[PDB]
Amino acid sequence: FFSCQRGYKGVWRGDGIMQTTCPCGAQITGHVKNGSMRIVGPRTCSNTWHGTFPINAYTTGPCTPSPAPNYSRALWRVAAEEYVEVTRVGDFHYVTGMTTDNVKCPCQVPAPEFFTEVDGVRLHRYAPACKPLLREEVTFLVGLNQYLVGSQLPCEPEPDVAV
């Protein structure tokens, strides 16, 4: 079969029993109580050993992923098949990449749970493949304004010169 999917491990919102299937074919069960998920799976799957849960189109359950705000990068789906990469520096966020040049984009990042992917871990059951990320000489649209790649999001207060 295929290699195992890099699973998610962190706080979950709402309790219950989560179900999913890893690309290696293994079925993984996550019992969520008080925000913590206990993993049950085959010794054959990597997620079992890491105590992680691979979120797929195969994932089932009532609980929701609740990622920590201190990620490095995230994949943000700003259209049905288009993404933008969000790089985090301290309290600020910068659009460091885009699947297409001139993609429209919101002026504020959402909560981590709204990202399709965070530091390599998928969080959504629905995720279109991600075309190559364009990180230079391209721009994104926030309303009617244009911003060169690498620009922090428009509605974010600029970092003062305190160092």
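So that there is no doubt, residue numbering starts at 1 and follows the sequence shown.
- The question of which stretch, 120 to 128 or 31 to 39, has the higher mean Cα B factor is settled in favour of 31 to 39.
- The PDB entry reports B-factors from which the mean C-alpha value can be compared for 98 to 106 and 45 to 53; the larger average falls on 98 to 106.
- Taking the PDB entry at face value, the top CA B factor among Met18, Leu141, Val11, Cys22 belongs to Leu141.
- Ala26 sits in the middle third of its chain by CA B factor, as recorded in the PDB entry.
- In the PDB entry, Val89 places in the middle third of its chain by CA B-factor.
- Sort the chain's modelled residues by C-alpha temperature factor and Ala68 lands in the middle third, per the entry.
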